[PDB]
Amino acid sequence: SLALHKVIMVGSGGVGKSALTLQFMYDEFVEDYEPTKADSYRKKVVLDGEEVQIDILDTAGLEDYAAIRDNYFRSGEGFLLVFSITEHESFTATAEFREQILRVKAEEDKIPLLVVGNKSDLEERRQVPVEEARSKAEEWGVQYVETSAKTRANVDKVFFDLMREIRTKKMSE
């Protein structure tokens, strides 16, 4: 349905999937880390003058079973693939996450996906150069946006940009 956009947060443990979701949902941020099992949210928003609902599934970066992960990925319409700019290993992990999304969505030509480099407020701790992350997004044919769940930088942008991709795909079918 064009009235409901199903977004999945994907990425390694501790990158800020939940922090981005909760900043977008409720305008809150806390530094306390609680690893996620699986959480979900729904919000009414206005996208380009149109009243829509966004559903967000916030996945575990430390997930136990591949079958559980695959069930979540299969149900999504678009994906925020998140890494922390302060953790190179979280950036390299995004390749395998994307592979898993592609495999579960086997017969879809192009999957709505945005690459999100979170924790932009910790520039002094950056381990992932902007050029490296952007070049990877270009190789995947997707956009790269840097966010901070703490300062709100680009948080609304990533959710709304992905919704626009989901909309464009939905209007092509």
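Residue numbers run from 1 along the displayed sequence.
The PDB entry reports B-factors from which the mean C-alpha value can be compared for 102 to 110 and 124 to 132; the larger average falls on 102 to 110.
If you average the C-alpha B-factors over 62 to 70 and over 134 to 142, the higher value belongs to 62 to 70. The PDB entry assigns the greatest CA B-factor among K17, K157, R164, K150 to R164. Highest C-alpha temperature factor among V46, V115, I54, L57, as the PDB entry reports it: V46. Among all modelled residues in this chain, the alpha-carbon of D32 has a temperature factor (C-alpha) in the highest third.
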